[PDB]
Amino acid sequence: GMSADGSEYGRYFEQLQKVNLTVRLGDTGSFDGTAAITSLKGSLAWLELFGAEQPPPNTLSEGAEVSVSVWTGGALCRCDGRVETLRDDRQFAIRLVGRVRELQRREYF
């Protein structure tokens with residue numbers, strides 16, 4: 001039902017799994033962190049950082065383009081996204097867009 005649903009995202013992402021957080025910092029650089037999920041509802045997840053390595057103030061925003069990455073048993077499933085609705089410098093949503101492809105695959109021979 002129309003409640004910002006998902007498709008196959010929860011085949012790769014999970015409610016307690018963790019994701020990279022590549023934030024384009026258009027004025028600064030990038031800020032590329034880690035957070036665990038706490039709640040996953042289709043295209044939407046909610047996050048809690050991983051540690052005291054947190055961004056500068058005023059810098060995160062609710063529609064920052066941010067890109068996620070998680071490993072699930074075969075490749076790197078990464079997805080571009082937006083923040084959707086921030087809550088704090090360490091607690092925030094994300095909304096997956098552009099589908100999740102197997103971009104990377106731990107190139108170790």
# chains A, B, ... in the order shown; residues from 1 in each chain; ligands from 1
call {"tool": "select_by_dssp", "arguments": {"residues": "chain A", "states": "strand (DSSP E)", "output": "ChimeraX atom specification"}}
result
/A:18-25,29-41,44-47,65-72,75-82,92-104
call {"tool": "residues_around", "arguments": {"residues": "stretch 81-91 of chain A", "least_positions_apart": "3", "cutoff": "12 Å", "atoms": "only C-alpha atoms", "output": "ChimeraX atom specification"}}
result
/A:4,19-24,33-39,43-69,78,94-100
call {"tool": "closest_residue", "arguments": {"among": "A:32, A:13, A:92, A:41", "to": "residue A:76", "atoms": "only C-alpha atoms"}}
result
A:13
call {"tool": "atom_distance", "arguments": {"atom1": "atom CA of residue A:16", "atom2": "atom CA of residue A:80"}}
result
19.2 Å
call {"tool": "residues_around", "arguments": {"residues": "residue A:102", "least_positions_apart": "2", "cutoff": "6 Å", "atoms": "only C-alpha atoms", "output": "compact mmCIF listing (two decimals) with N, CA and C atoms, in the first residue's frame"}}
result
# COMPACT_ATOMS: atom_id res chain seq x y z
N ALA A 75 28.18 -9.95 -3.42
CA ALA A 75 28.73 -8.69 -3.90
C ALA A 75 28.47 -7.60 -2.88
N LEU A 76 28.89 -6.39 -3.24
CA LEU A 76 28.53 -5.17 -2.57
C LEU A 76 27.23 -4.68 -3.19
N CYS A 77 26.16 -4.69 -2.41
CA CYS A 77 24.90 -4.09 -2.78
C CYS A 77 24.96 -2.66 -2.30
N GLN A 104 30.16 -3.59 -6.68
CA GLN A 104 31.51 -4.00 -6.28
C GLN A 104 31.43 -5.46 -5.87
call {"tool": "atom_distance", "arguments": {"atom1": "atom CA of residue A:8", "atom2": "atom CA of residue A:30"}}
result
27.9 Å
call {"tool": "atom_distance", "arguments": {"atom1": "atom CA of residue A:40", "atom2": "atom CA of residue A:1"}}
result
15.5 Å
